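**Q** Below: the sequence, then the experimentally determined structure.
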Amino acid sequence: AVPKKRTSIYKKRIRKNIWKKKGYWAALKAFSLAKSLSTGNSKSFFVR
Amino acid sequence: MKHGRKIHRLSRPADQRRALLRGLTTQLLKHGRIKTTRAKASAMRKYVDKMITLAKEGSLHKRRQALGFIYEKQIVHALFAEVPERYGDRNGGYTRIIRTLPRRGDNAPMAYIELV
Amino acid sequence: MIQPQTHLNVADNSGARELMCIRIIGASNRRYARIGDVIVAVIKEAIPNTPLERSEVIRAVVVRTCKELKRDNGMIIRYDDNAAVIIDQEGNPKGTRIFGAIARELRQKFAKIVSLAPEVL
Amino acid sequence: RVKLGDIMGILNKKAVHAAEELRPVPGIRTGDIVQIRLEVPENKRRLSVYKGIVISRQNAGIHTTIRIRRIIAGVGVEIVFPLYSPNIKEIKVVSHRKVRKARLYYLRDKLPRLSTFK
Amino acid sequence: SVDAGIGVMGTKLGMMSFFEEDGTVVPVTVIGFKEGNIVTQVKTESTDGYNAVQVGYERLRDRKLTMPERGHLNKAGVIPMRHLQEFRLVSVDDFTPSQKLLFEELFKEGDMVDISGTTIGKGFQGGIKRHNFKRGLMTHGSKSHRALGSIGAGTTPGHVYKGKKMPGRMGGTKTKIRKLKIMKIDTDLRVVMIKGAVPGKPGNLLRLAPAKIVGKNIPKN
RNA sequence: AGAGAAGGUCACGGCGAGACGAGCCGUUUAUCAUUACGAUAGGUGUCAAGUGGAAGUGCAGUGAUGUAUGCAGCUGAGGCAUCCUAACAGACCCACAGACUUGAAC
RNA sequence: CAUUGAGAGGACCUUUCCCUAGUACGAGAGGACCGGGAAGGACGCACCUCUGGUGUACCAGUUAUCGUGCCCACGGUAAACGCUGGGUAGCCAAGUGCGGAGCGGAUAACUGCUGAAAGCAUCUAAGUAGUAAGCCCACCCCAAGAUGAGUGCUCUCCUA
RNA sequence: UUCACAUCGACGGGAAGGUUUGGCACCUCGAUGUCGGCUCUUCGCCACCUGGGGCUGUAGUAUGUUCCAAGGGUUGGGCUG
RNA sequence: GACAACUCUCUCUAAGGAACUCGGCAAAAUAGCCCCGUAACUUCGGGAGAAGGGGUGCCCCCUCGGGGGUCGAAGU
Ligand SMILES: [Mg+2]
Ligand SMILES: [Mg+2]
Ligand SMILES: [Mg+2]
Ligand SMILES: [Mg+2]
Ligand SMILES: [Mg+2]
Ligand SMILES: [Mg+2]
Ligand SMILES: [Mg+2]
Ligand SMILES: [Mg+2]
Ligand SMILES: [Mg+2]
Ligand SMILES: [Mg+2]
Ligand SMILES: [Mg+2]
Ligand SMILES: [Mg+2]
Ligand SMILES: [Mg+2]
Ligand SMILES: [Mg+2]
Ligand SMILES: [Mg+2]
Ligand SMILES: [Mg+2]
Ligand SMILES: [Mg+2]
Ligand SMILES: [Mg+2]
Ligand SMILES: [Mg+2]
Ligand SMILES: [Mg+2]
Ligand SMILES: [Mg+2]
Ligand SMILES: [Mg+2]
Ligand SMILES: [Mg+2]
Ligand SMILES: [Mg+2]
Ligand SMILES: [Mg+2]
Ligand SMILES: [Mg+2]
Ligand SMILES: [Mg+2]
Ligand SMILES: [Mg+2]
Ligand SMILES: [Mg+2]
Ligand SMILES: [Mg+2]
Ligand SMILES: [Mg+2]
Ligand SMILES: [Mg+2]
Ligand SMILES: [Mg+2]
Ligand SMILES: [Mg+2]
Ligand SMILES: [Mg+2]
Ligand SMILES: [Mg+2]
Ligand SMILES: [Mg+2]
Ligand SMILES: [Mg+2]
Ligand SMILES: [Mg+2]
Ligand SMILES: [Mg+2]
Ligand SMILES: [Mg+2]
Ligand SMILES: [Mg+2]
Ligand SMILES: [Mg+2]
Ligand SMILES: [Mg+2]
Ligand SMILES: [Mg+2]
Ligand SMILES: [Mg+2]
Ligand SMILES: [Mg+2]
Ligand SMILES: [Mg+2]
Ligand SMILES: [Mg+2]
Ligand SMILES: [Mg+2]
Ligand SMILES: [Mg+2]
Ligand SMILES: [Mg+2]
Ligand SMILES: [Mg+2]
Ligand SMILES: [Mg+2]
Ligand SMILES: [Mg+2]
Ligand SMILES: [Mg+2]
Ligand SMILES: [Mg+2]
Ligand SMILES: [Mg+2]
Ligand SMILES: [Mg+2]
Ligand SMILES: [Mg+2]
Ligand SMILES: [Mg+2]
Ligand SMILES: [Mg+2]
Ligand SMILES: [Mg+2]
Ligand SMILES: [Mg+2]
Ligand SMILES: [Mg+2]
Ligand SMILES: [Mg+2]
Ligand SMILES: [Mg+2]
Ligand SMILES: [Mg+2]
Ligand SMILES: [Mg+2]
Ligand SMILES: [Mg+2]
Ligand SMILES: [Mg+2]
Ligand SMILES: [Mg+2]
Ligand SMILES: [Mg+2]
Ligand SMILES: [Mg+2]
Ligand SMILES: [Mg+2]
Ligand SMILES: [Mg+2]
Ligand SMILES: [Mg+2]
Ligand SMILES: [Mg+2]
Ligand SMILES: [Mg+2]
Ligand SMILES: [Mg+2]
Ligand SMILES: [Mg+2]
Ligand SMILES: [Mg+2]
Ligand SMILES: [Mg+2]
Ligand SMILES: [Mg+2]
Ligand SMILES: [Mg+2]
Ligand SMILES: [Mg+2]
Ligand SMILES: [Mg+2]
Ligand SMILES: [Mg+2]
Ligand SMILES: [Mg+2]
Ligand SMILES: [Mg+2]
Ligand SMILES: [Mg+2]
Ligand SMILES: [Mg+2]
Ligand SMILES: [Mg+2]
Ligand SMILES: [Mg+2]
Ligand SMILES: [Mg+2]
């Protein structure tokens, strides 16, 4: 099965934005994690 | 599906997964702490403890059971030596699991399994 | 679990050694002969010089299965072979003397057959 | 006061003690030759006598079960008995056979000879 | 769906076998109970538009509850409770908030019940398992096997129909089981044994009502 | 603008929920003294259950092998106990008394 | 949090046998309508107590062979079980339960009652009565994105 | 048997359908392709069975024919492209 | 990592046993060795490993194959 047409500039821009939104949740996990390791109180976590 | 299938597959077939787990335990009992992947660690808990509980009784029977799990004799004998001393009062729970920054190459979540 | 093409041992005198079930009757469209159902069989192997010729279409009731019958005692029965007894459309067995065990599950529709039994289960 | 998993196990213990009170049940393993007497809901006069070897024993609760094989008129018959059943009257061990398995399912494939009793 | 009679909620504990004097073995589900089955709220036709009674079931620590809900159960003057549910009656005069239900009062022996529960989730399931599609040939040349088949007609209509049966997620839903029977009630363990199977695995949550019979327990229309 | 409402998401331990999201349950593990509600997973202890009689040492035997110690040994995805390990540390979103008009009430 | 239900769907299926009664009917042979009761089929919804299937979680035998110094005893390999014999939990059916209720509403054909236009007649023009596995509600899941976005209970809106 | 119209209905006529065998060549030629099975639907009614009826040359059982009715059903094999 | 549908490479499957299908296609079954036995037909060479049957592990004892024991559900 192929693409009978070519995908319109704007619609593609939306699909790719969706795929870029995942970076946003990973940025929240990353931020929360740094704020954890930045109090040095976690015994479950370790860094070297 | 799996409902109440509890085993850790580690994304390997039966043979390999066995051999892997045996290996990882002779490693943990040799070095006392190691760095692995979160799944491997969690899976390895059970077998670590099987070995320790094994050594706590000390019978020739048990010693032959452990010998036939761990790969290296020397580590087994040392186990049966140390364990009554070190773990005698501890009822269960012989391992600590401390997670770390994920790996660079694949971003697989890592971990530190400690003999506690 | 007798179904079409199944082969069956004959449990009586009537002069057939083996039946091949082709149908199940009174069960509407069910495909399973279980104990005490009337099946239409044909005769494959026969006992020579007897009223019954091979390649005959006949009726039989199923007295033995390798599947398991459940009574209400929680009691269960499993034979080692499949067997049926050759009958009339009246419920009377064509042959006059029966082999093997049977069950009290057949007592309702067939009197004759439970009568002639060497054993009842 | 009873926690719930407890309830599940407990109801089986209750039913089996209440059943072993009326009618004490023998120690019965695999490979035992056994005689059983059933009270049938019809035919009050005589109680049906089943003999035979025990091919298997499945342990569950009150519904714990016994499988009896015997050759009858040259046709092999296996029969399954709920042990704590009210419709059973007497059960006893006639003799013991020496067997190495937990279930003898291999008796089907063997000769009639081994299934022959009485 | 106006319901005949107040129901109660219970918890499936699993199944066992249960004898009768004559040696009839009946498989029964054992339905346990927990502290609860307390009428929470009552709804008048005037106020709410209809007649119903909300019974809470499973008790609980107060922390785990949310402030809106805790404040719902202090208006009632009842203990903290996990699951609330409603029963729809045609007459509610007999019920006050804080009043308690006993299942020994509502259910006798040999009575008919209706067990509503949530089903075992089997996940995302194929066409076979979900709708009982006959599978296609396993061997001579055939490349299909467990596949869905053709899904519609040709050029006309030229689109698949609505609700045409397809692989999707199966199980995990509210399911009624009509007209069961109650074999025995144990006051000692406060348990109810029921002939037959009820949905979902032990530790489930069940809702039992006196069975609706479309002629005789219900509004005619 | 400071702060973090009720609540949510995340994180963390999980599942009879699950392709992923979602769902549901947990997150210091109570106290009790008369009920229940404060053990999520793993481990450990015990029990159901399975398999079917461990290893070692005895005896019998020329020996293969049998027999005793012993419903043994192993297993225990299931129950019940017990905080021994991990539920640490935490992060993010989020708080114009609810535009405007008209009647009714006071 | 709990729900109302516009709308949408699933399912409302069918066979033998037994009472009625060997009664009506007929010279006999044959043999009922109507209404009750059981067992079946197919289909649907669940389920694992039993009977099982699998169960590369486990347990046992056993061949070849290489390891653990050697006997003993275990380990590996014989693809993704070396080959066999068992199996719990799970999932599953051939196993187990349950379902198809309505002296509810309105009709199609048809049978009807009062009864004119045509002082007679006529089920129809007024008005009304029975009556179908059909139609619609009731049953079972979904469902306020039902933008017509519903109702109900409770909670919260700090500081300067 | 009597009786055209229970059931048939000769000689002829008036129609509907668009499922057979055809006429046409409006259609597509580049890679818009015929008959059977499998799986999976779905709809029509000219109703095979199941629900209700009228007539019978319907005593009864069973038919015949026709009316309303498409909710549900419509087996398994030996044989054929 | 997780352990959905589905496709592929594989193991197993209660009762039945070709009912499948264009067609037993694919699977399953058989199998080594020693011993007994071996048809129509024939160009007398064959057919023929026809078919069909039995035995087989591990120990001791005898003769240089025979007897006795012993495990296993099953011994190439
Ligand atoms: Mg291997
Ligand atoms: Mg490999
Ligand atoms: Mg364990
Ligand atoms: Mg012939
Ligand atoms: Mg005699
Ligand atoms: Mg069992
Ligand atoms: Mg022996
Ligand atoms: Mg699930
Ligand atoms: Mg098929
Ligand atoms: Mg294929
Ligand atoms: Mg279009
Ligand atoms: Mg807050
Ligand atoms: Mg999580
Ligand atoms: Mg979430
Ligand atoms: Mg915390
Ligand atoms: Mg635990
Ligand atoms: Mg647990
Ligand atoms: Mg020993
Ligand atoms: Mg061993
Ligand atoms: Mg000796
Ligand atoms: Mg045991
Ligand atoms: Mg405690
Ligand atoms: Mg801790
Ligand atoms: Mg205002
Ligand atoms: Mg204003
Ligand atoms: Mg809630
Ligand atoms: Mg609702
Ligand atoms: Mg509606
Ligand atoms: Mg809509
Ligand atoms: Mg509807
Ligand atoms: Mg209806
Ligand atoms: Mg008469
Ligand atoms: Mg009737
Ligand atoms: Mg029925
Ligand atoms: Mg089961
Ligand atoms: Mg079970
Ligand atoms: Mg098996
Ligand atoms: Mg099982
Ligand atoms: Mg060596
Ligand atoms: Mg060696
Ligand atoms: Mg090995
Ligand atoms: Mg190697
Ligand atoms: Mg190789
Ligand atoms: Mg292989
Ligand atoms: Mg196996
Ligand atoms: Mg059923
Ligand atoms: Mg009506
Ligand atoms: Mg009318
Ligand atoms: Mg009329
Ligand atoms: Mg008049
Ligand atoms: Mg009139
Ligand atoms: Mg009118
Ligand atoms: Mg109707
Ligand atoms: Mg009906
Ligand atoms: Mg809303
Ligand atoms: Mg608006
Ligand atoms: Mg409005
Ligand atoms: Mg005319
Ligand atoms: Mg042209
Ligand atoms: Mg094209
Ligand atoms: Mg018509
Ligand atoms: Mg009709
Ligand atoms: Mg008619
Ligand atoms: Mg007549
Ligand atoms: Mg129809
Ligand atoms: Mg239709
Ligand atoms: Mg049709
Ligand atoms: Mg046909
Ligand atoms: Mg995979
Ligand atoms: Mg099979
Ligand atoms: Mg078989
Ligand atoms: Mg077989
Ligand atoms: Mg055969
Ligand atoms: Mg043929
Ligand atoms: Mg064929
Ligand atoms: Mg065919
Ligand atoms: Mg081939
Ligand atoms: Mg092969
Ligand atoms: Mg095989
Ligand atoms: Mg051989
Ligand atoms: Mg072989
Ligand atoms: Mg010769
Ligand atoms: Mg010759
Ligand atoms: Mg020759
Ligand atoms: Mg030839
Ligand atoms: Mg030769
Ligand atoms: Mg040969
Ligand atoms: Mg030849
Ligand atoms: Mg041979
Ligand atoms: Mg042989
Ligand atoms: Mg031998
Ligand atoms: Mg000897
Ligand atoms: Mg010998
Ligand atoms: Mg032997
Ligand atoms: Mg032998």
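**A** Now that the structure is in, tell me what you want to look at. Residues are numbered from 1 along each chain as shown, chains lettered A, B, ... in the order given. Ligands and ions are numbered 1, 2, ... in the order given.
**Q** Would you mind measuring from the closest residue to residue E:23 other than its chain neighbours to chain B?
**A** Using C-beta to C-beta, 6 or more residues apart in numbering or on different chains and skipping the chain neighbours, the partner closest in space to residue E:23 is residue D:87 (3.5 Å). For every residue, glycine as well, the C-beta is placed using N, CA and C. Distance, residue D:87 to chain B, by C-beta to the nearest C-beta, to the nearest Å: 36 Å.
**Q** Now for residue D:87: which residues touch it?
**A** Shown in contact with residue D:87 (C-beta atoms under 8 Å, 6 or more residues apart in numbering or on different chains): C:73, D:38-41, E:22-23.
**Q** Contact residues of chain B facing chain A?
**A** Within chain B, the residues that sit near chain A (C-beta under 8 Å from any C-beta of the partner chain) are B:98-101, B:112.
**Q** In chain E, which residue sits closest to RNA strand G?
**A** Closest residue of chain E to RNA strand G, C-beta to the nearest atom of the strand: residue E:196 (2.0 Å).
**Q** That residue contacts residue E:31, correct?
**A** No: the criterion here is C-beta atoms under 8 Å, and residue E:196 misses it with residue E:31 at 11.5 Å.
**Q** Mind checking which of the contacts of residue D:87 land in strands?
**A** Applying DSSP state E to these, the entries found in strands are residue D:38.
**Q** and the contacts of residue D:87 as a markdown table, adding neighbour count and distance to RNA strand G?
**A** Putting those into a markdown table (neighbours: other C-beta atoms under 10 Å in any protein chain shown; distance: C-beta to the nearest atom of the strand, whole Å) gives the following:
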| residue | neighbour count | distance to RNA strand G |
| --- | --- | --- |
| C:73 | 22 | 10 |
| D:38 | 22 | 16 |
| D:39 | 18 | 19 |
| D:40 | 15 | 19 |
| D:41 | 14 | 15 |
| E:22 | 11 | 15 |
| E:23 | 20 | 13 |
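**Q** Contacts only, for the spatially closest residue to residue E:79 that is not a sequence neighbour.
**A** The shortest distance from residue E:79 to any non-neighbouring residue, by C-beta to C-beta, 6+ apart, is to residue E:59 (5.5 Å). Shown in contact with residue E:59 (C-beta under 8 Å, 6+ apart): E:34-36, E:79-82.
**Q** try residue C:23
**A** Counting by C-beta under 8 Å, 6+ apart, residue C:23 touches C:4, C:39-40.
**Q** coming back round to it: closest one of the residues of chain B next to chain A to residue E:47?
**A** residue B:99 (54.4 Å; C-beta to C-beta).
**Q** Could you find the closest non-adjacent residue to that closest one?
**A** Residue B:99's closest residue in space is residue B:111 (C-beta to C-beta, 6+ apart), at 4.7 Å.
**Q** Neighbour-wise, give me the winner out of the contacts of residue C:23.
**A** residue C:39 (24 neighbours; other C-beta atoms under 10 Å in any protein chain shown).
**Q** now it, what's its secondary structure?
**A** Classification of residue C:39 using DSSP: H, G, I helix; E, B strand; the rest coil returns strand.
**Q** That one and residue C:24 touch, don't they?
**A** Yes: here residue C:39 reaches residue C:24: they are 5.4 Å apart, a contact under C-beta under 8 Å.
**Q** shared neighbours of those two, which are they?
**A** Both residue C:39 and residue C:24 are in contact with C:2, C:33, where contact means C-beta under 8 Å, 6+ apart.
**Q** which residue is nearest the middle of chain C?
**A** Central residue of chain C (C-alpha atoms, centre = their mean): residue C:84, 1.8 Å from the mean position.
**Q** State the helix or strand in which that one lies.
**A** Following DSSP states H and E, the helix or strand that holds residue C:84 is strand C:83-87.
**Q** Give me the next element, helix or strand, following that strand.
**A** Scanning forward in sequence from strand C:83-87 by DSSP H and E, the next helix or strand is strand C:101-102.
**Q** Check which helices and strands that following strand sits against.
**A** strand C:57-64, strand C:119-120 (3 or more C-beta pairs under 8 Å, 6 or more residues apart in numbering or on different chains; DSSP states H and E).
**Q** Recalculate using a threshold of 10 Å.
**A** If you count contacts as 3 or more C-beta pairs under 10 Å, 6 or more residues apart in numbering or on different chains; DSSP states H and E, strand C:101-102 packs onto strand C:57-64, strand C:83-87, strand C:119-120, strand D:75-82.
**Q** helix/strand/coil for whichever residue of chain B sits closest to RNA strand F?
**A** Taking C-beta to the nearest atom of the strand as the measure, chain B has residue B:93 as its residue closest to RNA strand F, at 2.3 Å. Look at residue B:93: counting by three-state DSSP, its state is coil.
**Q** can you tell me how far it sits from RNA strand I?
**A** For residue B:93, the distance to RNA strand I equals 21 Å [C-beta to the nearest atom of the strand, to the nearest Å].
**Q** Spit out the contact partners of that residue.
**A** B:45, B:49, B:52, B:87, B:116 (C-beta atoms under 10 Å, 6 or more residues apart in numbering or on different chains).
**Q** Taking the residues you listed, tell me the two that lie furthest apart.
**A** That would be B:45 and B:87, which, of these, are the farthest apart (C-beta to C-beta) at 15.2 Å.
**Q** Which of these two has more residues huddled nearby?
**A** Shown here are residue B:45 and residue B:87; by other C-beta under 10 Å, residue B:87 has more neighbours (18 against 15).
**Q** Name the residues of stretch C:93-109 that are buried.
**A** Under the neighbour-count criterion of 16 or more other C-beta atoms under 10 Å in any protein chain shown, stretch C:93-109 has C:93-95, C:98-103, C:105-106 buried.
**Q** what does stretch D:52-71 give?
**A** D:52-57, D:62-71.
**Q** shouldn't residue E:197 be in contact with residue E:31?
**A** No: here residue E:197 does not reach residue E:31: they are 11.8 Å apart, not a contact under C-beta atoms under 10 Å.
**Q** Of the two, which one has the most company?
**A** Between residue E:197 and residue E:31, counted using other C-beta under 10 Å, residue E:31 has the larger neighbour count: 24 against 14.
**Q** where does that one fall, helix, sheet strand or coil?
**A** Three-state secondary structure (criterion: three-state DSSP) places residue E:31 in strand.
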